[PDB]
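**Student:** Structure incoming, see below.
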Amino acid sequence: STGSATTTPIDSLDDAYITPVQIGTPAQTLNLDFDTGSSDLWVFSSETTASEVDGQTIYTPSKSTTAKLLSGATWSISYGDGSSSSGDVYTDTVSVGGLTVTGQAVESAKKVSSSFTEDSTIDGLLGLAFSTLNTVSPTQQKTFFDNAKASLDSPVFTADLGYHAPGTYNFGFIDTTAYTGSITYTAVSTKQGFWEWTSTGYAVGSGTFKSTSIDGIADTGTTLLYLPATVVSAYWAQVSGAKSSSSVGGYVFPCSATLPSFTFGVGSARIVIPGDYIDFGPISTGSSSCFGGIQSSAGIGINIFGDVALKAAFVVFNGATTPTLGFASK
């Protein structure tokens, strides 16, 4: 089997991407944030505290003839941005782009933190990291990909995120029309539960490539590119007037600037992030100070190849017995 679904930016900055997901019988379609940095499929629901729901579409398990309470199971998750959610668990039928899993754990939120409430466009998350990170207790649950894997034509999924435009998540096949050149595969460590790999270096603009190992995670659920402070300083030093602002929380730059590109290495191959992809717009409405899309990972404890990086590539998440990542230009 295979599946193919379009993923759409939630706003004009590509702050996140939403993908429609069918849950239950008859189907209830929710727009979920596919997150290769976590491993829980959780949704706003009829159980979510009413004051914490503000425009989201909810899953109502009592209206699904295939929903079953997973007795005694609870979940609770906290994300790197300080947000969180928790609740109980059902199993139900879940379909993505024509690919169906029966008995998928659907984690129903009883509580969500303010940032989730405040984002009316995201109805929940669909985790695509390794199932060892799943938070369900006392019986850990499998991700949608893990449940589907054995049925797929090939044990893979791909992320093809757009810049200011829709893109695609495919399951079970590699669309050879969706990228240019060849796909370069690179080793993955699953020891922390992430799609963790080592970039071979970077360049800023037309500058020379610096060969240096950068361990980090491929994370579709993180907006920006978080790299070591040395690398990030070298990038922003090429932008007149750019500075790190403690009050804003990162590097800012004059909105009048034209940003240089940023290249990262995948083995001997190179992925080029155009400068425009690094502009996240005014820090507050009407400001002429703009927020940078490349930020320091110091204090986060891990480097994160988030959407800013991934959207410049066609990315293969290869879930073979020894997982690997593939990157192609597009």
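For the structure tokens, the naming scheme is as follows: chains receive sequential letters (A, B, ...) according to their order of presentation, residues are indexed from 1 within each chain, and ligands are indexed from 1 in presentation order.
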Among stretch 57-156 of chain A, which residues does DSSP mark as strand (DSSP E or B) when it is run on the backbone? Keep the chain and numbering as in the structure and answer as a VMD selection string.

**Tutor:** chain A and resid 59 68 to 78 84 to 96 99 to 112 124 to 127 137 156

**Student:** Could you name the residues that touch residue A:146 at 9 Å or less, counting only C-alpha atoms, but leaving out those on the same chain fewer than 2 positions away, as a list in words?

**Tutor:**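 What passes the distance filter is residues 128, 130, 131, 142, 143, 144, 148, 149, 150 and 319 of chain A.
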
**Student:** Show me a table, sorted first by chain and then by increasing residue number, of the residues of stretch 103-173 of chain A having an atom at most 12 Å from stretch 59-68 of chain A, each with its shortest atom pair and the distance in Å to one decimal, counting only C-alpha atoms and written as JSON lines.

**Tutor:**
```
{"residue": "A:103", "atom": "CA", "partner": "A:67", "partner_atom": "CA", "distance": 8.6}
{"residue": "A:104", "atom": "CA", "partner": "A:67", "partner_atom": "CA", "distance": 9.7}
{"residue": "A:105", "atom": "CA", "partner": "A:68", "partner_atom": "CA", "distance": 9.6}
{"residue": "A:106", "atom": "CA", "partner": "A:67", "partner_atom": "CA", "distance": 9.1}
{"residue": "A:107", "atom": "CA", "partner": "A:59", "partner_atom": "CA", "distance": 10.1}
{"residue": "A:108", "atom": "CA", "partner": "A:59", "partner_atom": "CA", "distance": 7.8}
{"residue": "A:109", "atom": "CA", "partner": "A:59", "partner_atom": "CA", "distance": 9.6}
{"residue": "A:110", "atom": "CA", "partner": "A:59", "partner_atom": "CA", "distance": 11.7}
{"residue": "A:123", "atom": "CA", "partner": "A:59", "partner_atom": "CA", "distance": 8.8}
{"residue": "A:124", "atom": "CA", "partner": "A:59", "partner_atom": "CA", "distance": 9.8}
```

**Student:** Under the rule of at most 10 Å, produce a per-residue listing of stretch 136-174 of chain A near stretch 94-98 of chain A: chain, number, name, the closest pair of atoms, and the distance in Å, as a Markdown table, using only C-alpha atoms.

**Tutor:**
```
| residue | atom | partner | partner_atom | distance |
| --- | --- | --- | --- | --- |
| A:144 | CA | A:94 | CA | 8.1 |
| A:168 | CA | A:97 | CA | 9.9 |
| A:169 | CA | A:97 | CA | 8.5 |
| A:170 | CA | A:97 | CA | 8.0 |
| A:171 | CA | A:97 | CA | 8.6 |
```

**Student:** Could those selected residues go to a file with N, CA and C atoms, as an mmCIF file, in the first residue's frame?

**Tutor:**
```cif
data_model
loop_
_atom_site.group_PDB
_atom_site.id
_atom_site.type_symbol
_atom_site.label_atom_id
_atom_site.label_comp_id
_atom_site.auth_asym_id
_atom_site.auth_seq_id
_atom_site.Cartn_x
_atom_site.Cartn_y
_atom_site.Cartn_z
ATOM 1 N N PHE A 144 1.791 6.069 13.743
ATOM 2 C CA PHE A 144 1.094 5.737 12.508
ATOM 3 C C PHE A 144 2.027 5.057 11.509
ATOM 4 N N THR A 168 3.978 17.942 0.051
ATOM 5 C CA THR A 168 3.447 16.582 0.076
ATOM 6 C C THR A 168 4.160 15.710 1.101
ATOM 7 N N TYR A 169 3.381 14.891 1.820
ATOM 8 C CA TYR A 169 3.873 13.731 2.561
ATOM 9 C C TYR A 169 3.423 12.473 1.825
ATOM 10 N N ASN A 170 4.384 11.631 1.444
ATOM 11 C CA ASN A 170 4.104 10.338 0.841
ATOM 12 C C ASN A 170 4.536 9.224 1.781
ATOM 13 N N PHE A 171 3.769 8.142 1.764
ATOM 14 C CA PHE A 171 4.045 6.946 2.546
ATOM 15 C C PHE A 171 4.163 5.747 1.615
#
```

**Student:** Report, in Å with one decimal, the straight-line distance from atom CA of residue A:197 to atom CA of residue A:216.

**Tutor:**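 So the answer is 5.7 Å.
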
**Student:** Report, in Å to a single decimal, how far apart atom CA of residue A:323 and atom CA of residue A:184 are.

**Tutor:** 13.8 Å

**Student:** List the spatial neighbours of residue A:76 as a list in words - criterion: any atom at most 8 Å away, only C-alpha atoms, same-chain residues fewer than 3 positions off excluded.

**Tutor:** residues 84, 85, 86, 87, 135 and 136 of chain A

**Student:** Stretch 13-205 of chain A: which residues are helix (DSSP H, G or I) by DSSP, as a ChimeraX atom specification?

**Tutor:** /A:50-52,61-63,114-117,131-133,144-151

**Student:** List as an mmCIF file with C-alpha atoms, in the first residue's frame the protein and nucleic acid residues near residue A:37, meaning an atom at most 9 Å away when only C-alpha atoms are counted, but skip any in the same chain fewer than 4 places from it.

**Tutor:**
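Below is the file that was written, selection-v5.cif:
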```cif
data_model
loop_
_atom_site.group_PDB
_atom_site.id
_atom_site.type_symbol
_atom_site.label_atom_id
_atom_site.label_comp_id
_atom_site.auth_asym_id
_atom_site.auth_seq_id
_atom_site.Cartn_x
_atom_site.Cartn_y
_atom_site.Cartn_z
ATOM 1 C CA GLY A 127 4.241 12.021 15.505
ATOM 2 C CA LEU A 128 6.688 10.414 13.066
ATOM 3 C CA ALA A 129 9.786 9.954 15.265
ATOM 4 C CA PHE A 130 10.572 6.512 16.705
ATOM 5 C CA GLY A 193 14.373 8.367 19.500
ATOM 6 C CA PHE A 194 14.903 10.957 16.747
ATOM 7 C CA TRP A 195 15.889 10.941 13.085
ATOM 8 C CA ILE A 217 17.713 15.938 14.069
ATOM 9 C CA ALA A 218 15.427 16.144 11.031
ATOM 10 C CA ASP A 219 12.340 17.696 12.659
ATOM 11 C CA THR A 220 9.319 18.706 10.565
ATOM 12 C CA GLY A 221 7.605 19.942 13.746
ATOM 13 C CA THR A 222 10.181 22.685 14.414
#
```

**Student:** Considering only C-alpha atoms, return as an MDAnalysis selection string whatever protein or nucleic-acid residues lie within 6 Å of residue A:52, sequence-local ones (same chain, fewer than 2 positions apart) excluded.

**Tutor:** chainID A and resid 49:50 117

**Student:** Tell me which protein, DNA and RNA residues are within 10 Å of stretch 267-278 of chain A, counting only C-alpha atoms, leaving out same-chain ones fewer than 6 positions away, and put them as a PyMOL selection string.

**Tutor:** chain A and resi 13-14+163-164+182-187+198-205+209+224-225+258-261+291-295+307-314+327-330

**Student:** Could you pull the residues within 8 Å of residue A:57, counting only C-alpha atoms, minus those fewer than 3 positions along the same chain, as an MDAnalysis selection string?

**Tutor:** chainID A and resid 30:31 44:45 123

**Student:** Selected residues, N, CA, C and O atoms, written as a PDB file, in the first residue's frame, please.

**Tutor:**
```pdb
ATOM      1  N   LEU A  30      -9.450  15.899  10.620  1.00  0.00           N
ATOM      2  CA  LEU A  30      -8.730  16.882  11.411  1.00  0.00           C
ATOM      3  C   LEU A  30      -7.437  17.249  10.694  1.00  0.00           C
ATOM      4  O   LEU A  30      -6.842  16.420   9.999  1.00  0.00           O
ATOM      5  N   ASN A  31      -7.000  18.496  10.858  1.00  0.00           N
ATOM      6  CA  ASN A  31      -5.770  18.975  10.240  1.00  0.00           C
ATOM      7  C   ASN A  31      -4.640  18.902  11.265  1.00  0.00           C
ATOM      8  O   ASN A  31      -4.611  19.670  12.238  1.00  0.00           O
ATOM      9  N   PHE A  44      -7.194  17.527  19.554  1.00  0.00           N
ATOM     10  CA  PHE A  44      -8.302  18.202  20.213  1.00  0.00           C
ATOM     11  C   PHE A  44      -9.538  17.318  20.104  1.00  0.00           C
ATOM     12  O   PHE A  44      -9.752  16.649  19.088  1.00  0.00           O
ATOM     13  N   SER A  45     -10.361  17.314  21.150  1.00  0.00           N
ATOM     14  CA  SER A  45     -11.440  16.339  21.206  1.00  0.00           C
ATOM     15  C   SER A  45     -12.629  16.890  21.982  1.00  0.00           C
ATOM     16  O   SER A  45     -12.581  17.970  22.576  1.00  0.00           O
ATOM     17  N   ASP A 123      -5.186  21.101  14.695  1.00  0.00           N
ATOM     18  CA  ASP A 123      -6.139  20.292  15.443  1.00  0.00           C
ATOM     19  C   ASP A 123      -5.465  19.183  16.249  1.00  0.00           C
ATOM     20  O   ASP A 123      -6.162  18.419  16.930  1.00  0.00           O
TER      21      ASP A 123
END
```

**Student:** Let me make sure I understand: among A:228, A:326, A:26, A:249, which one has the smallest atom-to-atom distance to residue A:266 if we use only C-alpha atoms?

**Tutor:**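 Distance minimum relative to residue A:266 lands on A:326.
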